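Below is one structure, written out as structure tokens; the observations come after it.
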Amino acid sequence: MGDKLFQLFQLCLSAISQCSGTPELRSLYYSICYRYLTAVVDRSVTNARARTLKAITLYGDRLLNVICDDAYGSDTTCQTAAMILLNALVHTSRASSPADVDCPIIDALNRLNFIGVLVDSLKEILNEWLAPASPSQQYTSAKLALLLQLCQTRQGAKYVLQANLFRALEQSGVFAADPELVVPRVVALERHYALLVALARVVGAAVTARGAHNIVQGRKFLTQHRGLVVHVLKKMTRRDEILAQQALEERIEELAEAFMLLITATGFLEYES
């Protein structure tokens, strides 16, 4: 019955494309659009997703611009709403789909050189991740999510690796180090390993989602960051620290899985001869 909210969704898209207003007003627009795109999913279910995707693509790049350059602007409260909206826009666009999805949103973001700046941001991800000026935690999270979603498709993974992913990851130094060699300690390790899981998933996703071309790239990622993969593969009082530990080893388990997926998906062992 969310058809009365549709015309609201339309008004929001209009204002945004126009870009008239304080970012405070566009934060409101982004929030409304986020809730509409997430309150729709949960020949009639596809027709609605069709009406929506149609509403978005109507304004074209003119719309994706305003939302993108807010995701990288001064106002922090705004860039969070913007990054979340984008993450939601590339989700309802895949939901409108057969694996040969040719997403017009992902294609648009690449055409706006937004995936480029997105990957480049990873160079300072570590400092950006451990610090609460500085962008929000919900923002950085929304960014890693967007990255992971782009890589779960063929064209998207291509765009991300074409924007030099492995390079920015090497420059971030997030992997070329050890985590335990560094607020409680267990919390610090849950946090760090959390970041490692995210990025490790983005790498595995980009490698599997292509073919044979990037097998070399992921292979080199493992070799160069070996020792960490092997260190990971090798394995207050009673209220928060018991859960803190429970969480830490769970994030370490997740990371171990990601590495194993990136190993079999190369495959590293065959290489190791």
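With the sequence shown counted from 1, adding 3 to any position gets you our numbering. Don't be surprised by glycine CBs; every beta carbon is placed ideally from N, CA and C.
Quick one: what does DSSP say residue i is sitting in, helix, strand or coil?
i	result
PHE178	coil
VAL185	coil
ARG188	helix
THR80	helix
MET86	helix
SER30	helix
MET263	helix
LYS126	helix
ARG213	coil
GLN155	coil
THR49	helix
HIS228	coil
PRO138	coil
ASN116	coil
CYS36	helix
Would residue i be called buried (16 or more neighbouring beta carbons within 10 Å of its own) or exposed?
i	result
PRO26	buried
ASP73	buried
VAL233	exposed
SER96	buried
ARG114	exposed
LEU149	buried
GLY24	exposed
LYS57	exposed
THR55	buried
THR211	buried
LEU246	exposed
Roughly how many whole angstroms lie between the Cα atoms of residue i and residue j?
i	j	result
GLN220	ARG242	43 angstroms
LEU231	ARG29	43 angstroms
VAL120	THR240	44 angstroms
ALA18	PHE271	50 angstroms
residue 277	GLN248	Any question about residue 277 goes unanswered here, given that the chain covers just 4 to 276.
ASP64	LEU258	37 angstroms
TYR33	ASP181	39 angstroms
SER77	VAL122	19 angstroms
residue 2	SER100	The structure shown does not extend to residue 2, since the chain spans only 4 to 276, so no value can be given for it.
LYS146	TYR75	11 angstroms
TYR142	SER276	42 angstroms
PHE178	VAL93	28 angstroms
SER47	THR80	36 angstroms
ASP45	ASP6	15 angstroms
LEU66	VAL186	42 angstroms
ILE70	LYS238	44 angstroms
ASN50	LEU265	37 angstroms
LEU184	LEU225	20 angstroms
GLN158	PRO107	10 angstroms
Just to confirm my understanding: we take residue i, look at its own chain, exclude 5 residues before and 5 after, and list those with CB closer than 8 angstroms. What are they?
i	result
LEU8	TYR39, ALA42
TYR37	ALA84, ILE87, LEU88, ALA91
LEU251	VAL189, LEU192, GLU193, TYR196
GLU131	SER124, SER137, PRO138, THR143
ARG222	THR269, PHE271, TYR274
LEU236	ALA259, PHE262, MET263
Spatial neighbours of residue i within its chain, please: CB distance less than 7 angstroms, with the 5 preceding and 5 following residues excluded, ordered by chain position.
i	result
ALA261	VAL200, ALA203, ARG204, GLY207
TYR62	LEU16, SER20
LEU125	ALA171, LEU172, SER175
Can you list, in chain order, the residues of its chain with a C-beta nearer than 6 angstroms to that of residue i? Leave out the 5 residues immediately preceding and following it.
i	result
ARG229	none
Relative to the ligand ATP, is the shortest distance from any of its heavy atoms to the C-beta of residue i smaller than 6 angstroms?
i	result
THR267	Among the components modelled here there is no ligand, and therefore nothing to report on the ligand ATP.
Inter-stretch contact at 8 angstroms, needing at least 3 Cβ pairs: the segment 114-133 / the segment 146-166:
yes
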